[PDB]
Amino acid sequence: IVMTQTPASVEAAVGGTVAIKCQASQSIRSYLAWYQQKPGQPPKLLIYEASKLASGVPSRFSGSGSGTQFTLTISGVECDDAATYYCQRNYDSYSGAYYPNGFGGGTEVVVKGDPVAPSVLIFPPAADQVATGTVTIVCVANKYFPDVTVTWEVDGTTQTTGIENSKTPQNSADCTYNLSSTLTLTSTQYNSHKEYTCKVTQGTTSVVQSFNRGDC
């Protein structure tokens, strides 16, 4: 039996309602479980036997369906609900056992909170990086929503490689993100240029931080 979840990701406003779908390729009656997983944590059981709430689960979570088509609904979404949700088959008709088994592919829920413009910091590389052969410059975008895009320019030239981005999970209280963007270059490349610029764009708004390799 194949388990399919849709959609892959969905955005929901604080206070809104969002519904998530799980499909089984053959009937599993009511033996379907739902899990919530916050980044960097084990999954937590929300619903078992398709609609029974697990202990300690707030009642804004509900499940429905029996057979092949199931739904998880969040009624009155909260910033805390930013997470990935999975369904799991809990019955095997071949063997007639009720062990918890195959998962659906998961649905990511993004929560639309109140918008907040990012402040931006740039961290020039500590002095002892350069003798290692590579140099990593760090740019941070603090406490913001919705998502940003980051652009690095070196002496005015947009960079298209050496860049990694890491975003903290949405904050349970205010829905905000934080972002760490790194530009990594060889020491030869770093010493060959002067102006290092991090440009953080949020829709039509842009915050820019820059330093010069001689001033630090």
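The first residue of the sequence shown is number 1, and the count goes up from there.
Here 104-112 and 87-95 are compared by their mean Cα B-factor, and 87-95 comes out higher.
Averaged over Cα atoms, the B-factor as recorded in the entry is higher for 197-205 than for the other of 6-14 and 197-205. Annotation for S64, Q26, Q41, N178: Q26 ranks highest, by Cα B-factor. Of the candidates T151, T182, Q37, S51, the PDB record gives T151 the highest C-alpha temperature factor. The PDB entry assigns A82 a C-alpha temperature factor belonging to the lowest third of its chain's modelled residues. Annotation for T68: C-alpha temperature factor in the middle third relative to the rest of the modelled chain, per the entry. Residue-level temperature factors show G156 in the highest third of its chain, judged at the C-alpha atom. Compared with the other modelled residues of the chain, the Cα B-factor recorded for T186 ranks in the highest third. Ranked by Cα temperature factor within the chain, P169 sits in the middle third according to the deposited record.
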